[PDB]
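Peer 1: these chains are from a complex, not moved at all, and more is on the way:
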Amino acid sequence: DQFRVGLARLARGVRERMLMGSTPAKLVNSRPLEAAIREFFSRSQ
Amino acid sequence: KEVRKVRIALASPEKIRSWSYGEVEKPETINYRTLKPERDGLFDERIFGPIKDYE
């Protein structure tokens, strides 16, 4: 479930860069995903 | 003297201006290189006082 939330944020970033721009890698910023997993594994109850 | 009572009341704009030692005009805090307070911002020694005693 936290992975799904991180992926949803990643997809929002993808759609954002799909509007502003002239590659899959260029379109994909992994940071939100990495942030969500980390947030799950460190600061969850 | 000796404290005997404690009053609480609305503060008027003029009362508030009398408290103030300066208007804070800039949203800055401290300078990112010197770590000293920016002028006219939230930590300005010009307004709120010196950071070091007598200096």
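Peer 2: Received the coordinates, thanks. Numbering: from 1, shown residues only, chains lettered A, B, ... in the order given.

Peer 1: for residue A:33, which non-adjacent residue is spatially closest?
Peer 2: Beyond its immediate neighbours in the sequence, the residue positioned closest to residue A:33 (Cβ to Cβ, 6 or more residues apart in numbering or on different chains) is residue A:6, lying 3.8 Å away. To be clear about C-beta, it is placed using only N, CA and C from the backbone, and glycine gets the same treatment.

Peer 1: number of nearby residues for that neighbour?
Peer 2: Neighbours of residue A:6 under the rule other Cβ atoms under 10 Å in any protein chain shown: 21.

Peer 1: can you tell me the element it falls in?
Peer 2: helix A:2-19 (DSSP states H and E).

Peer 1: distance from the helix or strand following that helix to the middle of the chain?
Peer 2: Once the chain leaves helix A:2-19, the next helix or strand it forms, by DSSP H and E, is helix A:24-27. Relative to its chain's centre, helix A:24-27 lies at 12 Å (Cα atoms, centre = their mean, to the nearest Å).

Peer 1: and residue A:26, how far from residue A:8?
Peer 2: Distance, residue A:26 to residue A:8, by Cβ to Cβ, to the nearest Å: 20 Å.

Peer 1: returning to that earlier point: give me the contacts around the helix holding residue A:6.
Peer 2: Contacts made with helix A:2-19 from outside it, assessed by Cβ atoms under 8 Å, 6 or more residues apart in numbering or on different chains, are listed as A:26-30, A:32-37, A:39-40, A:44.

Peer 1: I'd like to know which of those residues are part of strands.
Peer 2: Using DSSP state E, the subset of these located in strands is empty.

Peer 1: filter the residues you listed down to just the ones in helices.
Peer 2: By the criterion of DSSP state H, membership of the contacts of helix A:2-19 in helices covers A:26-27, A:32-37, A:39-40.

Peer 1: any idea how far the spatially most central residue of chain A lies from residue B:35?
Peer 2: What sits nearest the mean C-alpha location of chain A, by Cα atoms, centre = their mean, is residue A:10, with 2.4 Å. Residue A:10 sits at a distance of 36 Å from residue B:35 (criterion: Cβ to Cβ).

Peer 1: same structure, new chain, call it chain C:
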Amino acid sequence: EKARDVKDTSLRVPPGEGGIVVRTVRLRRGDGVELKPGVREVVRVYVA
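Peer 2: Placed with the earlier chains, chain C looks like this:
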């Protein structure tokens, strides 16, 4: 006597603790080792 330019900021055994030193780890920058920005070295001491 000239006042020195550095002061003592050493790691000391806190009150009520102590024992035998059994390991030290020493990670210093410039050595497959990279620490968060601005720290030159970390030292860890294990006491049993």
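
Peer 1: again for the contacts of helix A:2-19, chain C present now?
Peer 2: A:26-30, A:32-37, A:39-40, A:44.

Peer 1: from the chain's centroid, how far away is that helix?
Peer 2: Its chain's C-alpha centre lies 5 Å from the corresponding centre of helix A:2-19 when counted by Cα atoms, centre = their mean.

Peer 1: okay, buried residues for it please.
Peer 2: By neighbour count with 16 or more other Cβ atoms under 10 Å in any protein chain shown, helix A:2-19 contains the buried residues A:5-6, A:10, A:13.

Peer 1: then it to CSV, C-alphas only?
Peer 2: Written as CSV, here are the backbone C-alpha positions of helix A:2-19 (Å, rounded to 0.1, in the frame of the first residue of the first chain):
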residue,chain,number,x,y,z
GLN,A,2,2.8,2.5,0.7
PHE,A,3,4.4,1.4,-2.6
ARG,A,4,1.1,2.1,-4.4
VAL,A,5,1.0,5.6,-2.8
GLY,A,6,4.6,6.3,-3.9
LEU,A,7,3.8,5.1,-7.4
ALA,A,8,0.8,7.4,-7.6
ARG,A,9,3.0,10.4,-6.8
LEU,A,10,5.5,9.2,-9.3
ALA,A,11,2.8,9.0,-12.0
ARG,A,12,1.7,12.6,-11.1
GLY,A,13,5.2,13.8,-11.8
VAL,A,14,5.2,11.8,-15.0
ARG,A,15,2.0,13.5,-16.3
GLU,A,16,3.5,16.8,-15.2
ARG,A,17,6.6,16.3,-17.4
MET,A,18,4.3,15.0,-20.2
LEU,A,19,2.7,18.4,-20.4
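
Peer 1: for burial, what's the neighbour tally of residue 43?
Peer 2: I went with chain A, as the question did not name one. As a measure of burial, residue A:43 has 7 neighbours, counting by other Cβ under 10 Å.

Peer 1: that's the other chain; I wanted chain B
Peer 2: Considering only other Cβ under 10 Å, residue B:43 is surrounded by 15 other residues.

Peer 1: looking at this, residue C:25 is in a strand?
Peer 2: Yes - residue assignment for residue C:25, taken from DSSP: H, G, I helix; E, B strand; the rest coil, places it within a strand.

Peer 1: excluding sequence neighbours, find me the nearest residue to it.
Peer 2: Leaving out its chain neighbours, residue C:25 is closest to residue C:44 (Cβ to Cβ, 6+ apart), at 4.4 Å.

Peer 1: add chain D to the structure above:
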Amino acid sequence: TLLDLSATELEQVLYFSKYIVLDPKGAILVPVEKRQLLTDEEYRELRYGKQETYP
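Peer 2: Chain D added:
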């Protein structure tokens, strides 16, 4: 309580959802009484006039 305004009315004025009149200067919408609450459409009518474009 002081001004005899309800919670909804005070919100609508305070957060820019409705106007309130301090001088109707002889307006008419039954004329305009002081301390009356007019929507932006109503206030636009009374302050700038009625009009409409048709294609």
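
Peer 1: chain D added, so what about the contacts of helix A:2-19 now?
Peer 2: Under Cβ under 8 Å, 6+ apart, the answer for helix A:2-19 is A:26-30, A:32-37, A:39-40, A:44.

Peer 1: if we go to 6 Å?
Peer 2: Helix A:2-19 is contacted from outside by A:27, A:29, A:32-33, A:36, A:40, using Cβ atoms under 6 Å, 6 or more residues apart in numbering or on different chains.

Peer 1: what of stretch B:16-23?
Peer 2: When contacts are defined by Cβ under 6 Å, 6+ apart, stretch B:16-23 is touched by residues residue B:47.

Peer 1: again, 7 Å this time
Peer 2: Where contact means Cβ atoms under 7 Å, 6 or more residues apart in numbering or on different chains, the residues beyond stretch B:16-23 that reach it are B:44, B:46-48.

Peer 1: tell me the buried residues in that stretch?
Peer 2: Taking 16+ other Cβ under 10 Å as the basis for neighbour counts, none of the residues of stretch B:16-23 comes out buried.

Peer 1: can you check stretch D:32-51 too?
Peer 2: By neighbour count with 16+ other Cβ under 10 Å, stretch D:32-51 contains the buried residues D:32, D:37-38, D:43, D:46.

Peer 1: and the furthest pair within those residues?
Peer 2: Maximum pairwise distance in these, criterion Cβ to Cβ, is 12.6 Å, between D:37 and D:46.

Peer 1: just the buried residues of the contacts of helix A:2-19.
Peer 2: Buried by 16+ other Cβ under 10 Å: A:32-33, A:36, out of these.

Peer 1: residue nearest the middle of chain D, spatially speaking?
Peer 2: Nearest to the mean C-alpha position of chain D, counting by Cα atoms, centre = their mean, stands residue D:38 at 2.2 Å.

Peer 1: ok, back up a step: dump the contacts of helix A:2-19 to TSV, plus distance to residue B:11.
Peer 2: Output for these, formatted as TSV (distance: Cβ to Cβ, whole Å):
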residue	distance to residue B:11
A:27	55
A:29	49
A:32	45
A:33	50
A:36	46
A:40	47
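
Peer 1: just to revisit the earlier point, export the contacts of stretch B:16-23 to CSV and append columns for distance to residue C:6.
Peer 2: Putting the contacts of stretch B:16-23 into CSV (distance: Cβ to Cβ, whole Å) gives the following:
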residue, distance to residue C:6
B:44, 32
B:46, 33
B:47, 35
B:48, 32
